[PDB]
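These protein sequence lines are chains R and E, in that order. For the first sequence, counting from 1, position 20 maps to 20 in full-length UniProt numbering; every step adds exactly one. All you need for full-length UniProt numbering is the position in the second sequence, starting with 1, plus 52. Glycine is no exception: its CB is placed at the ideal position from the N, C-alpha and C atoms. Okay, so here's the structure we're looking at.
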Amino acid sequence: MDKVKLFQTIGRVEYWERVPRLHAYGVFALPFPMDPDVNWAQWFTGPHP
Amino acid sequence: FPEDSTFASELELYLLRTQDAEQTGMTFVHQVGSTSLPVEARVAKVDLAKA
């Protein structure tokens, strides 16, 4: 109440795994620049992959 | 003209000019997690000279 405060959570991490692909299929990737008008932060919110 | 001596008649100077390919170019910029892209082709030249 006043002199003793009980247990109370502070923070929380929800950590996830990645998105897999095929080993034998072979990745081919190239870097492109963003389109700035799109809200790119909206796409990257959730921790689940 | 400091003097010099030889035993033969005619004097041939053969100059070999060399324009090596100059080490130019910057490394290409990319993002981590990408397949690389190759470099351009450069040229070296050799010319000679007779006197």
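Going by beta carbon distance, what residues of the same chain come within less than 7 Å of residue i, once the five residues before and after it are set aside?
| i | result |
| --- | --- |
| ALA96/E | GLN71, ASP72 and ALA73 |
| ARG21/R | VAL27 |
| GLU17/R | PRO49 |
| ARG94/E | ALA73 |
Please report the residue range of the alpha helix (DSSP H) in which residue i lies.
| i | result |
| --- | --- |
| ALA29/R | Where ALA29/R is concerned, there is no enclosing alpha helix (DSSP H), given that its DSSP letter is neither H nor E. |
| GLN42/R | 40-43 |
Return the CA-CA distance between residue i and residue j, expressed in angstroms with no decimal places.
| i | j | result |
| --- | --- | --- |
| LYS5/R | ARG12/R | 20 Å |
| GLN42/R | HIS23/R | 30 Å |
| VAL98/E | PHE44/R | 57 Å |
| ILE10/R | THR76/E | 56 Å |
| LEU30/R | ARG69/E | 43 Å |
| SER61/E | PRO90/E | 55 Å |
| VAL81/E | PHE53/E | 57 Å |
| residue 106/E | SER86/E | Chain E is shown from 53 up to 103; residue 106/E falls before or after that span and cannot be answered. |
Residue i lies in the beta strand (DSSP E); which residues open and close that run?
| i | result |
| --- | --- |
| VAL98/E | 97-102 |
| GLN8/R | Neither: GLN8/R is in no beta strand (DSSP E) and is coded neither H nor E. |
| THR70/E | 66-71 |
Go through its chain and collect everything with a Cβ distance to residue i's Cβ below 6 Å, but skip five positions before and after it.
| i | result |
| --- | --- |
| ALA101/E | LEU67 |
Got a sec? Which residues, its chain only, sit under 8 Å from residue i by beta carbon, not counting five neighbours each side?
| i | result |
| --- | --- |
| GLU64/E | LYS102 and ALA103 |
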